[PDB]
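Novice: Quick one: this structure, given as structure tokens, is what I'll be asking you about.
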Amino acid sequence: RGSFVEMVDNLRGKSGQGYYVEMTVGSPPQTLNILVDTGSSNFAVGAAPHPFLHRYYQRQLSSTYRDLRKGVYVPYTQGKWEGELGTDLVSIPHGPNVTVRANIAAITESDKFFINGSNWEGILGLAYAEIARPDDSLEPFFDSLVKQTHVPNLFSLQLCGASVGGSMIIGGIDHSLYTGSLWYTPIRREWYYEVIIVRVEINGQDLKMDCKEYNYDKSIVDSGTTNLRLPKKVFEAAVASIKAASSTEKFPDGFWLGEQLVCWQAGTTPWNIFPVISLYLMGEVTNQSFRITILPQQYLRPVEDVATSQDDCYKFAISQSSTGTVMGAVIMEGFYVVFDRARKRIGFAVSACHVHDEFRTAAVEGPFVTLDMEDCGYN
Ligand SMILES: N#Cc1ccc(C(=O)Nc2ccc(F)c([C@]3(C(F)F)CCOC(N)=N3)c2)nc1
Ligand code: NA
Ligand code: NA
């Protein structure tokens with residue numbers, strides 16, 4: 001409990017490409033690098049020589065592979081994969097000292113799914129069976145891990161942004177990875193990691209929307225998405241406040257829609273003109289909330305692969321949503337996040353590794369008094 005030295009720094013990634021962990025599958029073990037995704041629930045790995053893949057799962061080499069004789073077709077909004085379901089023995093080298101028999105979707109065809117140039121070749125869906133494909137009888141990896149071992153039913157994530165890195169602590173919490181205290185919000189339903197946002201402020205100014213708009217139709221914590229996505233009506237109000245707060249400089253319209261980058265001369269990004277963003281989350285106790293606060297360092301993402309600039313370029317990484325609020329790597333990179341599945345709650349603390357400057361820091365503060373927090377959930 002509280003100290004897992006062998007798991008610290010076991011995540012890697014590149015800007016824009018997500019955070020992955022090394023895993024082994026099959027006997028003898030095949031090493032693969034696997035995207036950590038709290039927004040999905042399948043363990044799915046490339047299993048054919050797609051040209052973007054460094055490595056892929058070769059079932060024929062595994063003596064412990066068992067075929068489930070069942071295919072799966074998984075389309076998303078952007079991209080799709082198709083594959084064949086089986087089980088095999090799985091380990092995490094920089095994780096608990098255990099091996100489990102887990103479901104694996106061996107991906108045999110994909111479109112817009114793998115990233116050309118990335119170093120990962122599969123996804124580890126850490127959410128719940130309710131959103132597993134093809135249905136909820138396909139037990140997710142973490143469920144199998146907990147059923148089959150003595151690993152406690154929780155994991156925690158410290159995502160360190162810009163190469164990027166961080167830590168996934170499986171079965172516990174490591175107190176060296178955060179400062180101050182953890183504050184917990186209830187998991188409202190076990191499918192995604194769904195939470196309820198009760199108030200939103202831009203530089204301390206409340207947006208003053210009906211709080212149900214903040215969770216229309218849900219709000220989730222998702223390490224497999226870069227942006228903070230906000231329901232459309234909330235995005236419109238949020239951008240209008242951020243423009244107002246920032247208006248000592250003028251940016252093109254397209255910038256705010258994520259349609260154009262903005263660039264400054266290296267070493268002089270004026271962080272100080274941009275406001276902080278606070279989300280108040282429902283707390284553990286009736287009429288009690290806490291707030292998490294992020295900086296422009298989290299929501300203005302550096303874009304390095306800009307082959308027609310000099311020069312320091314950023315994308316605005318808050319975007320409109322049709323799927324509810326998505327607290328992606330923009331929120332998560334400020335905090336140490338604890339997915340305390342055993343107590344159905346999510347903890348937030350200030351991350352010991354978050355990017356900040358000498359004037360402002362990310363913050364997790366409470367308790368606040370907020371009434372009618374149950375009306376904020378959308379049904
Ligand atoms: N920071 C950061 C960051 C950058 C890229 C990605 C990424 O490419 N995810 C990804 C790629 C393909 C998918 F299909 C998914 C899905 C899939 F696995 F469900 C669907 C979209 O949302 C989620 N959460 N996962 C995620 N993730 C996180
Ligand atoms: Na167990
Ligand atoms: Na600490």
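Starting from 1 in every chain, residues are counted up; chains themselves are A, B, ... following the order of the structure tokens, and ligands are numbered from 1 as listed.
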Report as a Markdown table the residues of region 229-268 of chain A within 8 Å of region 197-215 of chain A, each with its shortest atom pair and distance in Å (one decimal), using only C-alpha atoms, ordered by chain and increasing residue number.

Specialist:
```
| residue | atom | partner | partner_atom | distance |
| --- | --- | --- | --- | --- |
| A:230 | CA | A:214 | CA | 7.5 |
| A:231 | CA | A:214 | CA | 6.8 |
| A:233 | CA | A:213 | CA | 7.4 |
| A:234 | CA | A:214 | CA | 6.6 |
| A:237 | CA | A:207 | CA | 6.9 |
| A:238 | CA | A:207 | CA | 7.1 |
| A:241 | CA | A:202 | CA | 6.5 |
| A:242 | CA | A:202 | CA | 6.8 |
| A:245 | CA | A:203 | CA | 7.6 |
```

Novice: Residue 335 (chain A): which residues within 7 Å, counting only C-alpha atoms, same-chain residues fewer than 2 positions away excluded, as an MDAnalysis selection string?

Specialist: chainID A and resid 158 332:333 337 348:351

Novice: With C-alpha atoms kept, could you save the residues just selected as a PDB file, in the first residue's frame?

Specialist:
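This went into part-v4.pdb:
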```pdb
ATOM      1  CA  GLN A 158      -0.142  10.144 -13.427  1.00  0.00           C
ATOM      2  CA  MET A 332      -5.614  14.450 -16.551  1.00  0.00           C
ATOM      3  CA  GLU A 333      -2.132  15.928 -17.133  1.00  0.00           C
ATOM      4  CA  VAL A 337      -6.127  10.455 -10.821  1.00  0.00           C
ATOM      5  CA  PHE A 348      -7.975  13.862  -7.856  1.00  0.00           C
ATOM      6  CA  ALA A 349      -4.787  15.411  -6.433  1.00  0.00           C
ATOM      7  CA  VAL A 350      -2.325  17.932  -7.844  1.00  0.00           C
ATOM      8  CA  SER A 351       0.180  16.001  -9.918  1.00  0.00           C
TER       9      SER A 351
END
```

Novice: Sort by chain and increasing residue number a table of all residues of chain A within 12 Å of ligand 3, each with its closest pair of atoms and their distance in Å to one decimal, counting only C-alpha atoms and all ligand atoms, and write it as JSON lines.

Specialist:
```
{"residue": "A:2", "atom": "CA", "partner": "ligand 3", "partner_atom_place_in_ligand_line": "1 (Na)", "distance": 9.8}
{"residue": "A:3", "atom": "CA", "partner": "ligand 3", "partner_atom_place_in_ligand_line": "1 (Na)", "distance": 10.9}
{"residue": "A:173", "atom": "CA", "partner": "ligand 3", "partner_atom_place_in_ligand_line": "1 (Na)", "distance": 10.0}
{"residue": "A:174", "atom": "CA", "partner": "ligand 3", "partner_atom_place_in_ligand_line": "1 (Na)", "distance": 7.9}
{"residue": "A:175", "atom": "CA", "partner": "ligand 3", "partner_atom_place_in_ligand_line": "1 (Na)", "distance": 4.3}
{"residue": "A:176", "atom": "CA", "partner": "ligand 3", "partner_atom_place_in_ligand_line": "1 (Na)", "distance": 4.7}
{"residue": "A:177", "atom": "CA", "partner": "ligand 3", "partner_atom_place_in_ligand_line": "1 (Na)", "distance": 6.0}
{"residue": "A:178", "atom": "CA", "partner": "ligand 3", "partner_atom_place_in_ligand_line": "1 (Na)", "distance": 4.4}
{"residue": "A:179", "atom": "CA", "partner": "ligand 3", "partner_atom_place_in_ligand_line": "1 (Na)", "distance": 4.1}
{"residue": "A:180", "atom": "CA", "partner": "ligand 3", "partner_atom_place_in_ligand_line": "1 (Na)", "distance": 6.1}
{"residue": "A:181", "atom": "CA", "partner": "ligand 3", "partner_atom_place_in_ligand_line": "1 (Na)", "distance": 7.5}
{"residue": "A:182", "atom": "CA", "partner": "ligand 3", "partner_atom_place_in_ligand_line": "1 (Na)", "distance": 9.1}
{"residue": "A:335", "atom": "CA", "partner": "ligand 3", "partner_atom_place_in_ligand_line": "1 (Na)", "distance": 11.7}
{"residue": "A:336", "atom": "CA", "partner": "ligand 3", "partner_atom_place_in_ligand_line": "1 (Na)", "distance": 9.8}
{"residue": "A:348", "atom": "CA", "partner": "ligand 3", "partner_atom_place_in_ligand_line": "1 (Na)", "distance": 11.9}
{"residue": "A:349", "atom": "CA", "partner": "ligand 3", "partner_atom_place_in_ligand_line": "1 (Na)", "distance": 8.6}
{"residue": "A:350", "atom": "CA", "partner": "ligand 3", "partner_atom_place_in_ligand_line": "1 (Na)", "distance": 8.9}
{"residue": "A:351", "atom": "CA", "partner": "ligand 3", "partner_atom_place_in_ligand_line": "1 (Na)", "distance": 8.8}
{"residue": "A:352", "atom": "CA", "partner": "ligand 3", "partner_atom_place_in_ligand_line": "1 (Na)", "distance": 7.7}
{"residue": "A:353", "atom": "CA", "partner": "ligand 3", "partner_atom_place_in_ligand_line": "1 (Na)", "distance": 11.4}
```

Novice: Could you list the protein, DNA and RNA residues that have any atom within 6 Å of ligand 1, counting only C-alpha atoms and all ligand atoms, and write them as a list in words?

Specialist: residues 16, 17, 18, 37, 39, 40, 113, 123, 222, 223, 224, 225, 226 and 329 of chain A

Novice: Okay, now the selection with N, CA and C atoms, as a short mmCIF file (atom, residue, chain, number, x, y, z; two decimals), in the first residue's frame?

Specialist:
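Output contents, as saved in result-v8.cif:
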```cif
data_model
loop_
_atom_site.label_atom_id
_atom_site.label_comp_id
_atom_site.auth_asym_id
_atom_site.auth_seq_id
_atom_site.Cartn_x
_atom_site.Cartn_y
_atom_site.Cartn_z
N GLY A 16 0.58 14.15 -28.70
CA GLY A 16 -0.48 13.89 -29.66
C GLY A 16 -0.78 12.43 -29.90
N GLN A 17 0.03 11.51 -29.33
CA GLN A 17 -0.08 10.09 -29.62
C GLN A 17 -0.45 9.22 -28.42
N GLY A 18 -0.63 9.81 -27.23
CA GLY A 18 -1.18 9.03 -26.11
C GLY A 18 -0.08 8.40 -25.27
N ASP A 37 -6.28 3.29 -21.94
CA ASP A 37 -7.53 4.01 -22.33
C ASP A 37 -8.63 3.79 -21.28
N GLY A 39 -11.40 5.29 -21.39
CA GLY A 39 -12.66 5.52 -22.09
C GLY A 39 -13.18 4.33 -22.93
N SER A 40 -12.61 3.14 -22.78
CA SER A 40 -13.13 1.95 -23.47
C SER A 40 -12.80 0.71 -22.63
N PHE A 113 -7.33 3.88 -37.25
CA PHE A 113 -7.34 3.43 -35.89
C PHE A 113 -5.89 3.59 -35.33
N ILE A 123 -4.70 -1.43 -27.62
CA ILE A 123 -5.38 -0.54 -26.64
C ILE A 123 -5.79 -1.40 -25.48
N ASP A 222 -11.34 10.22 -19.39
CA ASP A 222 -10.94 9.36 -20.56
C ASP A 222 -9.49 9.62 -21.01
N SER A 223 -8.55 8.75 -20.60
CA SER A 223 -7.15 8.88 -20.98
C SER A 223 -6.86 8.60 -22.48
N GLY A 224 -7.85 8.05 -23.19
CA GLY A 224 -7.71 7.76 -24.64
C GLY A 224 -8.24 8.86 -25.53
N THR A 225 -8.39 10.08 -24.99
CA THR A 225 -8.81 11.28 -25.73
C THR A 225 -7.87 12.39 -25.28
N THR A 226 -7.36 13.16 -26.22
CA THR A 226 -6.49 14.31 -25.90
C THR A 226 -7.27 15.48 -25.26
N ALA A 329 -6.79 13.95 -21.76
CA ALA A 329 -5.40 14.21 -21.26
C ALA A 329 -5.16 15.71 -20.86
#
```

Novice: Please determine, counting only C-alpha atoms and all ligand atoms, which residue among A:143, A:249, A:374, A:190 has the shortest atom-to-atom distance to ligand 2.

Specialist: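 Nearest candidate to ligand 2 out of A:143, A:249, A:374, A:190: A:143.
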
Novice: Using only C-alpha atoms and all ligand atoms, which residues of the polymer chains come no farther than 10 Å from ligand 2? I'd like the answer as an MDAnalysis selection string.

Specialist: chainID A and resid 143:153

Novice: Pick the closest to residue 64 (chain A) from A:334, A:29, A:115, A:80: which is it, counting only C-alpha atoms?

Specialist: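 Closest residue, counting only C-alpha atoms: A:29.
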
Novice: My list of candidates is A:305, A:236, A:121, A:357. Which is closest to residue 34 (chain A) when distances are computed with only C-alpha atoms?

Specialist: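 With only C-alpha atoms as the atom set, the closest residue is A:121.
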
Novice: Just the residues within 7 Å of residue 370 (chain A), please, counting only C-alpha atoms, with nothing from its chain fewer than 4 positions along; format it as a VMD selection string.

Specialist: chain A and resid 287 to 289

Novice: What is the distance between CA of residue 140 (chain A) and CA of residue 127 (chain A), in Å to one decimal?

Specialist: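 Rounded to one decimal, the two atoms are 7.6 Å apart.
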
Novice: What is the distance between CA of residue 314 (chain A) and CA of residue 356 (chain A), in Å to one decimal?

Specialist: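 Computed distance, CA of residue 314 (chain A) to CA of residue 356 (chain A), equals 15.9 Å.
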
Novice: Residues near region 94-105 of chain A, anyone? I mean within 9 Å using only C-alpha atoms, not counting same-chain ones fewer than 5 positions away, as a compact mmCIF listing (two decimals) with N, CA, C and O atoms, in the first residue's frame.

Specialist:
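Saved result, out_31.txt, follows:
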```txt
# COMPACT_ATOMS: atom_id res chain seq x y z
N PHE A 4 5.00 1.93 -4.76
CA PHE A 4 5.09 0.94 -5.82
C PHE A 4 6.23 1.38 -6.77
O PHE A 4 6.02 1.70 -7.95
N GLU A 6 8.46 0.01 -8.53
CA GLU A 6 8.69 -0.69 -9.77
C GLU A 6 7.73 -0.23 -10.89
O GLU A 6 8.03 -0.41 -12.07
N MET A 7 6.60 0.38 -10.51
CA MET A 7 5.62 0.89 -11.46
C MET A 7 5.76 2.37 -11.79
O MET A 7 5.11 2.87 -12.75
N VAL A 8 6.52 3.11 -10.99
CA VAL A 8 6.69 4.53 -11.28
C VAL A 8 7.42 4.66 -12.63
O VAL A 8 8.40 3.92 -12.91
N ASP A 9 6.95 5.60 -13.45
CA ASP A 9 7.58 5.88 -14.76
C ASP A 9 7.42 4.74 -15.74
O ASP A 9 8.26 4.54 -16.62
N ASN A 10 6.36 3.95 -15.62
CA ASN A 10 6.21 2.80 -16.53
C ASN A 10 5.35 3.18 -17.80
O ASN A 10 5.07 2.33 -18.63
N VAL A 21 1.77 1.55 -22.15
CA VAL A 21 2.45 0.72 -21.13
C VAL A 21 2.96 -0.53 -21.88
O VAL A 21 2.34 -0.98 -22.84
N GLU A 22 4.07 -1.08 -21.44
CA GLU A 22 4.52 -2.37 -22.02
C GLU A 22 3.75 -3.52 -21.41
O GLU A 22 3.51 -3.58 -20.18
N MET A 23 3.37 -4.50 -22.24
CA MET A 23 2.62 -5.64 -21.78
C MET A 23 3.20 -6.87 -22.46
O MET A 23 3.85 -6.75 -23.49
N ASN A 42 -12.25 -2.85 -24.08
CA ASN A 42 -11.69 -4.01 -24.75
C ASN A 42 -10.19 -3.90 -24.70
O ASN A 42 -9.60 -2.80 -24.88
N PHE A 43 -9.58 -5.07 -24.54
CA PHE A 43 -8.16 -5.24 -24.77
C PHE A 43 -7.99 -5.74 -26.20
O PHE A 43 -8.36 -6.89 -26.53
N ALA A 44 -7.50 -4.86 -27.06
CA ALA A 44 -7.49 -5.18 -28.53
C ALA A 44 -6.11 -4.87 -29.10
O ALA A 44 -5.54 -3.82 -28.78
N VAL A 45 -5.52 -5.83 -29.85
CA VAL A 45 -4.14 -5.64 -30.22
C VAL A 45 -4.00 -5.97 -31.71
O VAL A 45 -4.61 -6.91 -32.21
N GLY A 46 -3.15 -5.22 -32.38
CA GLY A 46 -2.87 -5.56 -33.77
C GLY A 46 -2.36 -7.00 -33.82
O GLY A 46 -1.55 -7.47 -32.98
N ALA A 47 -2.86 -7.74 -34.82
CA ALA A 47 -2.48 -9.18 -34.92
C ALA A 47 -2.15 -9.53 -36.36
O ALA A 47 -2.15 -10.71 -36.73
N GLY A 71 -16.10 -13.46 -33.99
CA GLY A 71 -15.52 -12.19 -34.47
C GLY A 71 -16.14 -10.97 -33.79
O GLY A 71 -17.14 -11.09 -33.08
N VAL A 72 -15.55 -9.78 -34.02
CA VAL A 72 -16.06 -8.53 -33.45
C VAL A 72 -15.79 -7.40 -34.49
O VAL A 72 -14.72 -7.38 -35.11
N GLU A 82 -11.73 -4.53 -36.82
CA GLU A 82 -12.42 -5.79 -36.81
C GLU A 82 -11.41 -6.81 -36.29
O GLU A 82 -10.19 -6.71 -36.55
N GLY A 83 -11.90 -7.79 -35.54
CA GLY A 83 -10.96 -8.81 -35.08
C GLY A 83 -11.58 -10.10 -34.62
O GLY A 83 -12.78 -10.29 -34.79
N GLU A 84 -10.74 -10.98 -34.03
CA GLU A 84 -11.17 -12.35 -33.64
C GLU A 84 -10.90 -12.44 -32.17
O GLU A 84 -9.80 -12.05 -31.71
N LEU A 85 -11.87 -12.94 -31.42
CA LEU A 85 -11.72 -12.99 -29.96
C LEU A 85 -11.06 -14.27 -29.49
O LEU A 85 -11.32 -15.36 -30.04
N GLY A 86 -10.20 -14.17 -28.50
CA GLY A 86 -9.59 -15.38 -27.89
C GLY A 86 -9.26 -15.03 -26.45
O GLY A 86 -9.60 -13.92 -26.01
N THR A 87 -8.61 -15.95 -25.72
CA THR A 87 -7.95 -15.62 -24.44
C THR A 87 -6.49 -16.03 -24.50
O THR A 87 -6.11 -16.94 -25.26
N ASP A 88 -5.65 -15.38 -23.69
CA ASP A 88 -4.28 -15.84 -23.56
C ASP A 88 -3.76 -15.31 -22.18
O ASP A 88 -4.41 -14.48 -21.56
N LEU A 89 -2.55 -15.74 -21.80
CA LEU A 89 -1.88 -15.26 -20.59
C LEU A 89 -1.29 -13.87 -20.87
O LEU A 89 -0.65 -13.64 -21.92
N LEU A 138 -18.23 -10.01 -22.31
CA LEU A 138 -16.77 -10.10 -22.57
C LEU A 138 -16.04 -9.34 -21.44
O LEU A 138 -15.96 -8.11 -21.46
N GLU A 139 -15.51 -10.09 -20.48
CA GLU A 139 -14.94 -9.54 -19.28
C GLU A 139 -13.72 -8.67 -19.63
O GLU A 139 -12.83 -9.15 -20.37
N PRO A 140 -13.68 -7.40 -19.16
CA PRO A 140 -12.50 -6.54 -19.48
C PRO A 140 -11.26 -7.04 -18.73
O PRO A 140 -11.36 -7.76 -17.71
N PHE A 141 -10.11 -6.61 -19.21
CA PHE A 141 -8.84 -7.00 -18.63
C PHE A 141 -8.76 -6.78 -17.10
O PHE A 141 -8.31 -7.68 -16.36
N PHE A 142 -9.11 -5.58 -16.65
CA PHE A 142 -8.93 -5.29 -15.20
C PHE A 142 -9.84 -6.13 -14.32
O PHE A 142 -9.44 -6.52 -13.23
N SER A 144 -10.71 -9.26 -15.04
CA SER A 144 -10.00 -10.55 -14.98
C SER A 144 -8.82 -10.49 -14.02
O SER A 144 -8.58 -11.44 -13.25
N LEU A 145 -8.05 -9.41 -14.10
CA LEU A 145 -6.91 -9.24 -13.20
C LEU A 145 -7.34 -9.36 -11.70
O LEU A 145 -6.74 -10.07 -10.89
N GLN A 148 -8.71 -12.94 -10.64
CA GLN A 148 -7.75 -14.02 -10.65
C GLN A 148 -6.56 -13.84 -9.76
O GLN A 148 -5.76 -14.75 -9.65
N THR A 149 -6.42 -12.69 -9.10
CA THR A 149 -5.20 -12.44 -8.31
C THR A 149 -5.57 -11.77 -6.97
O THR A 149 -6.74 -11.68 -6.60
N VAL A 151 -4.55 -8.64 -6.51
CA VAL A 151 -4.36 -7.19 -6.80
C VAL A 151 -5.62 -6.45 -6.36
O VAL A 151 -6.73 -6.86 -6.74
N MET A 168 1.38 4.37 -14.36
CA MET A 168 0.13 3.70 -14.06
C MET A 168 0.40 2.75 -12.86
O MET A 168 1.16 1.76 -12.99
N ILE A 169 -0.20 3.06 -11.73
CA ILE A 169 0.03 2.22 -10.50
C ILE A 169 -1.15 1.26 -10.45
O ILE A 169 -2.31 1.65 -10.20
N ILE A 170 -0.86 -0.01 -10.65
CA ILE A 170 -1.89 -1.01 -10.66
C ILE A 170 -2.05 -1.62 -9.27
O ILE A 170 -1.10 -2.17 -8.71
N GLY A 171 -3.23 -1.50 -8.69
CA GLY A 171 -3.54 -2.08 -7.37
C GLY A 171 -3.27 -1.12 -6.22
O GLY A 171 -3.29 -1.51 -5.05
```

Novice: When you look at residue 340 (chain A) with a cut-off of 7 Å (counting only C-alpha atoms), what residues show up, excluding the ones that are within fewer than 5 positions of it in the same chain? I need them as a list in words.

Specialist: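 Non-adjacent residues within range: residues 154, 155, 345 and 346 of chain A.
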
Novice: Could those selected residues go to a file with C-alpha atoms, as a PDB file, in the first residue's frame?

Specialist:
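That gives us out-v4.pdb:
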```pdb
ATOM      1  CA  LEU A 154      -8.080   0.159  -8.055  1.00  0.00           C
ATOM      2  CA  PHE A 155      -5.414   1.748 -10.291  1.00  0.00           C
ATOM      3  CA  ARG A 345     -15.194   6.875  -6.752  1.00  0.00           C
ATOM      4  CA  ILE A 346     -12.462   8.827  -8.628  1.00  0.00           C
TER       5      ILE A 346
END
```

Novice: I need the residues in region 13-166 of chain A that are alpha helix (DSSP H) according to DSSP; give them as a ChimeraX atom specification.

Specialist: /A:141-148

Novice: Could the residues in this selection be saved with C-alpha atoms as a PDB file, in the first residue's frame?

Specialist:
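Result written to again_4.pdb:
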```
ATOM      1  CA  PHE A 141      -8.845  -7.002 -18.628  1.00  0.00           C
ATOM      2  CA  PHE A 142      -8.928  -5.286 -15.200  1.00  0.00           C
ATOM      3  CA  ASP A 143     -11.935  -7.365 -14.101  1.00  0.00           C
ATOM      4  CA  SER A 144     -10.004 -10.546 -14.985  1.00  0.00           C
ATOM      5  CA  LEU A 145      -6.908  -9.237 -13.201  1.00  0.00           C
ATOM      6  CA  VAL A 146      -8.840  -8.626  -9.947  1.00  0.00           C
ATOM      7  CA  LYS A 147     -10.849 -11.923 -10.137  1.00  0.00           C
ATOM      8  CA  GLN A 148      -7.752 -14.016 -10.655  1.00  0.00           C
TER       9      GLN A 148
END
```

Novice: Just want the 8 Å neighbourhood of residue 323 (chain A), counted on only C-alpha atoms, with same-chain residues fewer than 6 positions away dropped. Output as a VMD selection string.

Specialist: chain A and resid 216 to 218 231

Novice: For residue 286 (chain A), work out the shell of residues within 12 Å, counting only C-alpha atoms and skipping chain neighbours fewer than 5 positions away, then give it as a PDB file with N, CA, C and O atoms, in the first residue's frame.

Specialist:
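Result file result_39.pdb:
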```pdb
ATOM      1  N   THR A 185     -14.712  12.030  -6.145  1.00  0.00           N
ATOM      2  CA  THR A 185     -16.029  12.268  -6.700  1.00  0.00           C
ATOM      3  C   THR A 185     -16.630  10.868  -6.981  1.00  0.00           C
ATOM      4  O   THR A 185     -15.897   9.963  -7.367  1.00  0.00           O
ATOM      5  N   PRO A 186     -17.982  10.671  -6.809  1.00  0.00           N
ATOM      6  CA  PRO A 186     -18.604   9.350  -7.005  1.00  0.00           C
ATOM      7  C   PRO A 186     -18.592   8.958  -8.487  1.00  0.00           C
ATOM      8  O   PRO A 186     -18.728   9.834  -9.361  1.00  0.00           O
ATOM      9  N   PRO A 367     -13.570  21.900   1.083  1.00  0.00           N
ATOM     10  CA  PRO A 367     -14.851  21.525   0.446  1.00  0.00           C
ATOM     11  C   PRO A 367     -15.588  22.826   0.051  1.00  0.00           C
ATOM     12  O   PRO A 367     -15.363  23.863   0.716  1.00  0.00           O
ATOM     13  N   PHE A 368     -16.467  22.805  -0.956  1.00  0.00           N
ATOM     14  CA  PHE A 368     -17.367  23.896  -1.205  1.00  0.00           C
ATOM     15  C   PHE A 368     -18.792  23.439  -0.906  1.00  0.00           C
ATOM     16  O   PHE A 368     -19.086  22.227  -0.978  1.00  0.00           O
ATOM     17  N   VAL A 369     -19.678  24.403  -0.658  1.00  0.00           N
ATOM     18  CA  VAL A 369     -21.092  24.065  -0.429  1.00  0.00           C
ATOM     19  C   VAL A 369     -21.809  24.257  -1.781  1.00  0.00           C
ATOM     20  O   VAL A 369     -21.850  25.341  -2.261  1.00  0.00           O
ATOM     21  N   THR A 370     -22.377  23.195  -2.378  1.00  0.00           N
ATOM     22  CA  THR A 370     -23.124  23.248  -3.645  1.00  0.00           C
ATOM     23  C   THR A 370     -24.411  22.473  -3.438  1.00  0.00           C
ATOM     24  O   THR A 370     -24.403  21.311  -3.121  1.00  0.00           O
ATOM     25  N   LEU A 371     -25.521  23.119  -3.643  1.00  0.00           N
ATOM     26  CA  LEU A 371     -26.848  22.437  -3.456  1.00  0.00           C
ATOM     27  C   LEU A 371     -27.384  21.912  -4.779  1.00  0.00           C
ATOM     28  O   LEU A 371     -26.953  22.369  -5.825  1.00  0.00           O
ATOM     29  N   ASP A 372     -28.251  20.894  -4.705  1.00  0.00           N
ATOM     30  CA  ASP A 372     -29.021  20.404  -5.878  1.00  0.00           C
ATOM     31  C   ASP A 372     -28.082  19.724  -6.911  1.00  0.00           C
ATOM     32  O   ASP A 372     -28.378  19.719  -8.100  1.00  0.00           O
ATOM     33  N   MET A 373     -27.010  19.124  -6.416  1.00  0.00           N
ATOM     34  CA  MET A 373     -25.987  18.481  -7.264  1.00  0.00           C
ATOM     35  C   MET A 373     -26.580  17.267  -7.972  1.00  0.00           C
ATOM     36  O   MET A 373     -26.109  16.910  -9.038  1.00  0.00           O
ATOM     37  N   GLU A 374     -27.653  16.684  -7.410  1.00  0.00           N
ATOM     38  CA  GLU A 374     -28.301  15.525  -8.074  1.00  0.00           C
ATOM     39  C   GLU A 374     -29.040  15.950  -9.322  1.00  0.00           C
ATOM     40  O   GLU A 374     -29.044  15.208 -10.291  1.00  0.00           O
TER      41      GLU A 374
END
```

Novice: Determine the nearest neighbour of residue 291 (chain A) from the options A:324, A:79, A:278, A:38, counting only C-alpha atoms.

Specialist: A:278

Novice: Run DSSP on the backbone of this structure and report the residues of region 173-254 of chain A it assigns to strand (DSSP E or B), as a list in words.

Specialist: residues 178, 179, 180, 181, 182, 183, 184, 185, 186, 190, 193, 194, 195, 197, 198, 199, 200, 201, 202, 205, 206, 219, 220, 221, 228, 229, 230 and 231 of chain A

Novice: Figure out the distance between CA of residue 35 (chain A) and CA of residue 184 (chain A), please, to one decimal in Å.

Specialist: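 Going from CA of residue 184 (chain A) over to CA of residue 35 (chain A), I get 25.2 Å.
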
Novice: Pick out the closest residue to residue 166 (chain A) from this set: A:93, A:13, A:26, A:51. Count only C-alpha atoms.

Specialist: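 With only C-alpha atoms as the atom set, the closest residue is A:13.
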